[PDB]
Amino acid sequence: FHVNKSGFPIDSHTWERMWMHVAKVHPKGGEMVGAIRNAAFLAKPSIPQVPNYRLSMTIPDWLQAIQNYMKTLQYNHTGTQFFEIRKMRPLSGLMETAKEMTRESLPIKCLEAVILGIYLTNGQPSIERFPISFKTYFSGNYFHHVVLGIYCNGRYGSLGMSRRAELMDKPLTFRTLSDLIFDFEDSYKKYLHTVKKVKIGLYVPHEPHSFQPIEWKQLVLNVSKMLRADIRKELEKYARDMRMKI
């Protein structure tokens, strides 16, 4: 799990460490890397068009166009995250990074996608955006994951990106925040993950103050220690607090 901090083009140290990582991970490692590096007839990958809301689109079609765009960039399986995201940086600067991702047009992981999703939905006030972070346990280790929760016309859904199809986008059909979270919990268990912690942020402002960051953990729930009824109780109370702007 490396992160590219050298910008673009990627510098030598970052580039070579990526290649050594994949050489090690892949069973046919050295043969594989030699087949790609300096290969002479590599396809030039096409550059997908950035989605942009039009009055001629329904909101679900527009958000599906956003999710399809992220799928076209692809989930980043190389081990090197290509765009650095510093989570407490002001939104103003994060939006410059999101713009950069649409320009360089490379594979992305879960945090990059949350930032992209904010960038691509800014300016449509009928959509409210808030991050949902998961801490899970699987065979001896803790894993971290984040998606963009959305609320629109009285329904919850999400956008996101993951190595799993069930841990990302959810359609606008959940009637409560609890139903959305419990769907993530039930999906996680298909993969023998136990959810240890759920964190809900605040609504991401469409017009943030110059210095305003994303708030990632307004609500933090140690879910593995609580019963279903207590979890839903807390989620519903926080969600109504959000919807009221309390």
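For every residue, the number given is its place in the sequence shown, counted from 1.
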Going by the average Cα B-factor in the PDB entry, point out whether 114-122 or 76-84 comes out higher.
-> 76-84
For the C-alpha atoms alone, is the average B factor greater in 27-35 or in 60-68, going by the entry?
-> 27-35
For the listed residues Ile150, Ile108, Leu91, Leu167, which one has the largest C-alpha B-factor as given in the deposited model?
-> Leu91
Residue, from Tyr156, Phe130, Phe134, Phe138, that the PDB entry assigns the highest Cα B-factor = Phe138
The third of the chain into which the C-alpha temperature factor of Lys217 falls is the highest
Sort the modelled residues of this chain by their C-alpha B factor and say whether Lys199 lands in the lowest, middle or highest third.
-> lowest
Rank-wise, by C-alpha B-factor, drop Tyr188 into the lowest, middle or highest third of its chain.
-> middle
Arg163, C-alpha B-factor rank within chain (lowest, middle or highest third) | highest
So where's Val146 on the chain's Cα temperature factor ranking, which third?
-> lowest
